[PDB]
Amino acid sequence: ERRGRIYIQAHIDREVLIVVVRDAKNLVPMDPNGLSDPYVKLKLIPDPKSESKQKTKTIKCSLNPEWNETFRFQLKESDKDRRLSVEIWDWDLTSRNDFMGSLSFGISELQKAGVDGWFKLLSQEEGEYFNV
């Protein structure tokens, strides 16, 4: 568990993905002060023009952010071949935000069973394929 963990809750209502991003523990420091400014980015991938994107607020200087935010996604046919992508990023003022941890759930699999618990954060490339 090199990048910490995040507590996610996600299930499908009808054709509506409901995602709850509660909190995260032991995130990796990304700033010179030894901390980071975490915010989570949710997308349905593959997504070209990044048309699905939704973000939580940014928590400043914390390696254990608590967001408690809910998000709704209106699904479609095509989405059955997509994955719910959850990525944590470190907000920076004077530079590209830095990647911190990733995770993803197959939409086809969420329709069969929702999720509610802690997940180990993976690397960005790795997180677009699995969840642990």
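The first residue of the shown sequence is 1; numbering continues from there.
**Q** Using only C-alpha atoms and the B-factors in the entry, which stretch averages higher, 122 to 130 or 1 to 9?
**A** Mean CA B-factor is higher for 122 to 130.
**Q** On mean Cα temperature factor in this entry, is 97 to 105 or 78 to 86 the higher one?
**A** According to the PDB entry, the answer is 78 to 86.
**Q** Which one, 60, 41, 57, 49, has the peak C-alpha temperature factor per the PDB entry?
**A** Within the set 60, 41, 57, 49, 49 shows the top C-alpha B-factor.
**Q** Would you check the entry's CA temperature factor for residue 19 and let me know if it's in the chain's lowest, middle or highest third?
**A** CA B-factor rank for residue 19: middle third.
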